[PDB]
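Quick one: the structure is below, and I'll ask about it shortly.
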Amino acid sequence: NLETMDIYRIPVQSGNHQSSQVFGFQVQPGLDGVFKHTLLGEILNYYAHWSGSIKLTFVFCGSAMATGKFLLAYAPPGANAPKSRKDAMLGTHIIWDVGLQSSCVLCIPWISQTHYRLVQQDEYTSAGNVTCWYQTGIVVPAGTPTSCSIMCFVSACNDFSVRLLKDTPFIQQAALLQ
Amino acid sequence: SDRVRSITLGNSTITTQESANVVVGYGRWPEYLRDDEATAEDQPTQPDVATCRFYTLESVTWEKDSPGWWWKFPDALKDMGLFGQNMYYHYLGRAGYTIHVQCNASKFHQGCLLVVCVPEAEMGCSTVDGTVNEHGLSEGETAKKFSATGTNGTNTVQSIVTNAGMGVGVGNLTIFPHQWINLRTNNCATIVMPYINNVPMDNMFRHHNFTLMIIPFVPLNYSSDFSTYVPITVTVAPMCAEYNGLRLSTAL
Amino acid sequence: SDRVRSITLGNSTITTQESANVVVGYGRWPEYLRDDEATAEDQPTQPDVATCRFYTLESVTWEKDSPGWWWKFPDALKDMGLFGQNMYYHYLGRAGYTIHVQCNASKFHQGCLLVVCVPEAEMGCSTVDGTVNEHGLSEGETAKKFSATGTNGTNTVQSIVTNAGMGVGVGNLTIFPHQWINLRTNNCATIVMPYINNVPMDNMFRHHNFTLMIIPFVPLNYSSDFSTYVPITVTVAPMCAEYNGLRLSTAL
Amino acid sequence: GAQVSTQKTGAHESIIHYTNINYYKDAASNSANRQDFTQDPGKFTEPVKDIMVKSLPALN
Amino acid sequence: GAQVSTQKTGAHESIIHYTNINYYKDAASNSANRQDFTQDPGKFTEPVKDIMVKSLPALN
Amino acid sequence: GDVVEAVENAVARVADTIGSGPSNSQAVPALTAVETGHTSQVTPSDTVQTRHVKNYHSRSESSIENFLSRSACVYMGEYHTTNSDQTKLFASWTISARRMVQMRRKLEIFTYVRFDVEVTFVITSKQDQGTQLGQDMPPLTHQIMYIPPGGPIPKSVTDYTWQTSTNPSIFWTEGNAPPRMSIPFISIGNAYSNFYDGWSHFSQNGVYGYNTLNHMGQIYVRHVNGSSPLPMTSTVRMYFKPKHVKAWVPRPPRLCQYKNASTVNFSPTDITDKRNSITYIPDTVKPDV
Ligand SMILES: NCCCCCCCCCCCC(=O)O
């Protein structure tokens, strides 16, 4: 999917898939592939330190007749990624009800031993993970597609800042006339 | 619109775009025990956020012929994070709850669920001159199932929906706090229950303060509606939990 | 007299009829984290009594040739009631402690123990170019033992008392908060330690905030004193425990 | 906008001061605080609750 | 005819300022404006006519 | 304020975390409509119970001035003390910040920029390799000359043109501090333009892009001692530190590598790195697997 519009689509569907986790990823805004080339990520890469809360907006793109509730969870570090909805709901989470408001915001509050984390994150400055689960499956009437996509947007909250300027790993050259 | 609604307890938040209202106990919001109502003399523990938050129980499937389901309450949350741990370590406990039952379908589906909290739902035995089991009463999360016919078996609850396991007319369960989930208009039910008992505090393993019952009155139905899977999910959040009489943990 | 003394935290009380004084950190009493010193933004849990009380660890025997003993700290209380449970469920924690070391003998016995709390007691390896084990560092309650000679073995701490496992002169451990238990005058030691670290809060499994060391400087001795059994017991009580970043429990 | 403060006294029991101006935008660029001389031995030599008057027994 | 302004605060919670004099005839010769810290995210995060109160639905 | 001044107070503090408790209402801050093109303004306190935190963190180092205002190499070239080629006796290029990527990607984050520039030159010389290496060459003195578009161009190290009666020049001798000077905002327009989706000719042809807008002249640099018994060679490095900056209409950071200096050309490149599955989260916290 590295060069196709799919990399941006989170697949979700009608029928019984509760045991099936929808997605999950580490919270390393400047380092993990999921975030590094994001607007927030590209910026973090020109610095060595970051701090702040992050907003993850999820937008449902199925038909208007589609329905459903999801559980969006964020787990601070210290344990491995929740492996079931039971485990995930013990952490920070919102239960999102698909409706006229197509989007839902999971805000990742800043919880850390230190005031700052390395953009080049290590285990010492771990930030945890966010995982998503069907809270109550996707139901749909006849004549409508039984599977759709959910998109995810990221952005910094107003308590966010960065420090210690450095060059980006992302750009380079072998010779002049660049 | 007033269909829209959000609720936040601890590190958890619930949302709905299709709510009815919110039912509150017998009009009473949960409160912590007052000094002029207390007997246990030791300082209470009030974990607050670590304990008063949304725990989601394992979901159930609504089938075209489901009779119903139930859960006993302080027990059922006994393995839920710190709420459960505080249960194991203390002799006495007290809490209120926000119960949020979720069930979405489609404008082309139909059905109607009664969602009730019955305080002190003492149940009858299948074997008329026998006695129940704790197992016949509750299975923690999961959920016991009502039945469409008379049941037999020693220890199990006489569970024909029609008499709600209590020997009354199921259709009269409405004197208890409740909401209905009518698929054509509504996709969730929210009930806030205050602590109700004849003593200020009590042991949370030995006494089921109340039972949550979800009974379909008009059955699930649909057509080529490539959605036959319609789950129901229960999320509950203890409110104002306080504990007394700390000692070693209870034997599982 | 001022030898007499009582202390109460939660549902527990300690007494002595032969105390010296009470040493307080670097003169600082424990306090809860202030808003202008915090970074973690979520609401903390402050279990209070359920958590801030006296836990007694398994005792040790003082023998005529015991080199000494030590315990790492937030870890060591990890299985102590709700203090431990709150540790497992949270990413961040913070606490102070009242440490009470007990050792009584008789007017005909003699000996002298140094009781110290060393903040950040990073220890060295026996195998000079190797690295330690978590096991070589701490065994929870119980207690690691210092040694009278140089030790070998990969992973174990180079524990010859003389260098306190840190590469310094044991007789200089006095710049750290401490008391002495000189059997002829005293039968217990009490030290109140405030939270000390370079960050406002921290993970309680990954970082040993401080080490408690009990090192006899003048050895136990006696005569036909039909009492050869002289135990030492450590009781500690977390103070102002607060936790942040709640999620599922950590993997043992 | 300069500061004048006194020099550390040397070889004898008004011209005993100097003037300084900071030319940089960051405090890190400033010179060292070699003239601050506070002290509080207490944190370490006497961290006992219950004040020890010592001219009195200390026990009893 | 000089200017005195404050230094960026460093390693601790009057001598925290510096003085500057411009010696050149062109503004281009001056040092950088590293101390100006304005901000207006709005141009970009919220360029919608019709104020979105967001605590309210956003549609309906 | 005035973005030309070397002083200006005020701390750039981020937001405090407002203390938040439990809620049961119709408020639904966590539910928005991304279709409007508006970015949600939700903070932790809108979705979880938060404590109050007095936050002192400042955004000082991410101000546009502090982000761009650091000297960056934008060019390097060589020239010889002695050679048969005449051409190799002096260096020359056309001013632009498009030949070294680091600087270029930084500027290209903005569509338009306006600023003064502090130019610093680092010049070094080495003695060329050969069989005979002994000589006693006095210190080398160089001449850097700027030729605004339209000025006569040097054709040899000894051309009359180096008289600089009017072009600005810098004479510098090795061993001393690197040469430096400020240049004002020199554009014909109101802001330097980093991108130009346009042409040079009115008939929608000619040259496309950045180049048609450039034309800031060129630089020529030569040795002045002019000689050395044995061959030597110098390298001139030029650094740009923009200062007194203003920037408009930010754009995404360049994702694909640059292919050349005159174009925005690129080869298709991956959106990001792959990972195993959409649920893959590595297991740290294990007795080491
Ligand atoms: N002797 C130095 C001559 C310097 C002229 C420099 C003009 C630099 C202009 C910066 C242009 C960057 C841009 O196109 O965005």
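Bear in mind these aren't lab numbers, they're just calculated from the coordinates by the rules spelled out. Here the Cβ is made from the backbone with ideal geometry for all residues, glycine too, and neighbour counts use every protein chain on show.
So if I take the centroid of the Cα atoms in segment F:104-123 and the same for segment E:2-60, what is the distance between those two points in Å?
20
Identify all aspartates and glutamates with a Cα-Cα distance to A:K83 below 16 Å; exclude those on the same chain that are fewer than 8 residues away in sequence.
Counting by Cα, and skipping residues close in sequence, A:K83 has these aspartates and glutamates nearby: B:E58, F:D283.
Something else about it: Over chain B, what is the percentage of antiparallel beta bridges among all DSSP beta bridges, to the nearest 5?
Percentage antiparallel, nearest 5: 95.
Using θ = phi - 60° and the Karplus form 6.51 cos²θ - 1.76 cosθ + 1.60, what ³J(HN,Hα) does each residue of segment E:15-27 get, whole Hz, x for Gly and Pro?
For segment E:15-27, the Karplus-derived couplings read 8, 9, 8, 10, 10, 9, 9, 8, 9, 10, 7, 10, 4 Hz, x marking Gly and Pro.
As an exercise, identify the chymotrypsin sites (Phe, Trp or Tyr not before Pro) in segment C:161-252 lying in DSSP coil whose Cβ has no more than 10 other Cβ atoms within 10 Å. The partial results should precede the final answer.
Values: sites: C:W180, C:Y195, C:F205, C:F210, C:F217, C:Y222, C:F226, C:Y229, C:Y243; in loops: C:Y195, C:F205, C:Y222, C:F226, C:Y229.
Those satisfying the criteria are C:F226, C:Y229.
Between C:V116, C:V199, C:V24, where does the largest GNM mean-square fluctuation fall for chain C, given springs only between Cα atoms within less than 10 Å?
C:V199
Check the straight Cα-Cα distances from D:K8 and name the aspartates and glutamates below 12 Å, setting aside those fewer than 8 residues away within the same chain.
D:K8 reaches D:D36.
Follow-up. Just rank C:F176, C:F73, fewest to most, by other beta-carbon atoms within 10 angstrom. Don't jump to the answer; show the numbers that get you there.
Numbers: C:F176 19, C:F73 25.
By the 10 Å Cβ count, ascending, the order reads C:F176, C:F73.
Another question, if that's okay. Spelling out what I want: for every residue of segment E:41-51, take phi, set θ = phi - 60°, compute 6.51 cos²θ - 1.76 cosθ + 1.60 (Karplus), and round to whole Hz; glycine and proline get x.
Those phi angles translate into x, x, 2, 9, 9, 2, x, 9, 7, 6, 3 Hz.
Also, I was wondering about something else. Under a point spin-label approximation (7 Å from Cα along Cα-to-Cβ), what is the A:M151-F:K155 distance to one decimal in nm?
Modelled inter-label distance: 6.1 nm.
Continuing with this model, one more query. Would you report the distance distribution of C-alpha pairs in the protein assembly as shown as whole percents per 10 angstrom bin, up to the bin with the largest distance?
2, 8, 14, 16, 16, 15, 12, 9, 5, 2, 1, 0, 0
Can you grab the distance from the C-alpha centre of segment C:175-248 to the C-alpha centre of segment B:149-222, Å, no decimals?
The distance from the Cα centre of segment C:175-248 to that of segment B:149-222 comes to 53 Å.
Still on this structure, please answer the following. Rounded to the nearest 500, what is the protein assembly as shown's calculated 222 nm mean residue ellipticity when only DSSP H runs of at least 4 contribute -39500 (n - 2.57) each, over all residues?
Details: 11 runs with 60 residues, N = 1091.
Value at 222 nm, helices only: -1000 deg cm²/dmol.
I would also like to ask the following. Can you tell me which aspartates and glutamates have their Cα less than 15 Å from the Cα of F:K155? Leave out same-chain residues fewer than eight positions away.
Cross-link targets: F:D85.
Now a separate question. Distances from C:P231 to the same residue in each other copy, label points 7 Å out along Cα→Cβ, in nm, shortest first?
Those separations, rounded to one decimal, come out as 5.3 nm.
Using the structure shown, select from A:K86/C:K78; A:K166/F:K259; B:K64/B:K145; C:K144/D:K49; A:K55/A:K86 the pairs with a Cα to Cα distance greater than 19 angstrom. Numbers along the way, then the final one.
Details: A:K86/C:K78 24 Å; A:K166/F:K259 24 Å; B:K64/B:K145 14 Å; C:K144/D:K49 30 Å; A:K55/A:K86 24 Å.
Violating the 19 Å Cα-Cα cut-off are A:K86/C:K78; A:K166/F:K259; C:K144/D:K49; A:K55/A:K86.
A follow-up question, please. Taking a label point 7 Å from Cα toward Cβ, how far is B:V199 from its twins in the other copies, in nm, shortest first?
Ordered by distance, the counterparts are at 4.6 nm.
Compare the peptides C:163-169, B:38-44, B:4-10, D:15-21 by average per-residue count of other Cβ atoms within 10 angstrom and give them in order, highest first. The partial results should precede the final answer.
Details: C:163-169: 17.4, B:38-44: 13.7, B:4-10: 23.9, D:15-21: 9.4.
Top of the packing list down: B:4-10, C:163-169, B:38-44, D:15-21.
Same structure, new question: So how far apart, in nm, are the two label points at A:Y8 and F:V4 if each is 7 Å from Cα heading toward Cβ?
So the two model labels end up 4.3 nm from each other.
Scan around F:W93 for amide H atoms under 5 Å from its own, H built in the peptide plane at 1.01 Å from N, and keep only partners 5 or more places away or cross-chain.
Under 5 Å from the amide H of F:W93 lie the amide H atoms of F:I219, each far enough along the sequence or on another chain.
If you don't mind, another one. Among F:45-55, A:122-132, how do they line up by average Cβ neighbours within 10 Å per residue, starting with the highest?
On the way: F:45-55: 22.1, A:122-132: 19.7.
Ranking the peptides F:45-55, A:122-132 by packing returns F:45-55, A:122-132.
Amide H neighbours of B:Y55 under 5 Å, at least 5 residues apart or on other chains, H built in the peptide plane: list them.
B:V236, B:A237
Here's another thing I want to ask about it. Can you list the copy-to-copy distances for B:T39, using a point 7 angstrom from Cα toward Cβ, in nanometres, shortest first?
5.0
A further question on this structure: Starting from the Cα of F:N190, step 7 Å along the direction of its Cβ; do the same at D:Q7; then give the gap between the two resulting points in nm.
Calculated label separation equals 5.9 nm.
Counting pairs of alpha carbon atoms under 8 Å apart in space and at least six apart in sequence, what relative contact order in percent does chain C give?
On the way: 594 pairs, mean separation 97.8, N = 252.
Relative CO of chain C lands at 39 percent.
Right, next: Is the shape of chain C rounded, prolate or oblate, going by the alpha carbon gyration tensor and its root eigenvalues a ≥ b ≥ c, with a/c under 1.5 for rounded and a/b larger than b/c for prolate?
Working: a/c = 1.97, a/b = 1.30, b/c = 1.52.
Cα axes put chain C in the oblate bin.
Something else about it: Sort B:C117, B:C125, A:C61 so the one with the fewest other Cβ atoms within 10 Å of its own Cβ comes first.
Details: B:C117 24, B:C125 19, A:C61 13.
Placing the least packed residue first, the sequence is A:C61, B:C125, B:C117.
What whole number of Å gives the distance from the Cα centroid of segment A:24-59 to the Cα centroid of segment C:58-133?
Between the Cα centre of segment C:58-133 and that of segment A:24-59, the gap is 41 Å.
Closest approach to the C-B rotation axis by any Cβ of C: residue and distance in angstrom?
Spelled out, residue of C and its Cβ distance from the axis onto B: C:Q85, 2.
Turning to a different aspect of this structure: In debye to the nearest 20, how big a dipole does segment F:183-289 give about its Cα centre with +1 on each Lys and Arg Cβ and -1 on each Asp and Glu Cβ?
Charge dipole of segment F:183-289: 340 debye, to the nearest 20.
Per residue of segment C:35-49, in order, report the coupling 6.51 cos²θ - 1.76 cosθ + 1.60 (Karplus, θ = phi - 60°) as ³J(HN,Hα) in whole Hz, putting x for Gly and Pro.
4, 8, 10, 8, 10, 4, 7, 6, 4, x, 10, 9, x, 6, 4
Can you pull a Stokes-Einstein diffusion coefficient for segment A:1-67 at 25 °C (0.890 mPa s), Rh from Kirkwood over Cα pairs, as a whole number of µm²/s?
Working: Rh = 14.7 Å.
Rounded, D is 167 µm²/s.
Once you sort the root eigenvalues of the Cα gyration tensor of segment F:1-49 as a ≥ b ≥ c, which label holds: rounded (a/c under 1.5), prolate (a/b larger than b/c) or oblate (the other case)? Mind showing how you got there, number by number?
Details: a/c = 5.56, a/b = 1.90, b/c = 2.93.
Judged from the Cα gyration tensor, segment F:1-49 comes out oblate (a/c at least 1.5, b/c at or above a/b).
Using only the Cα atoms of chain D, build the gyration tensor, take square roots of its eigenvalues as a ≥ b ≥ c, and label the shape rounded, prolate or oblate: rounded if a/c is under 1.5, else prolate if a/b is larger than b/c, else oblate.
On the way: a/c = 5.34, a/b = 2.21, b/c = 2.41.
Because a/c hits 1.5 or more and a/b fails to exceed b/c, chain D counts as oblate.
Can you give me the long-range amide H partners of B:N155? Hydrogens built in the peptide plane at 1.01 Å from N, cutoff under 5 Å, separation of 5 or more residues or another chain.
B:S126, B:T127, B:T131
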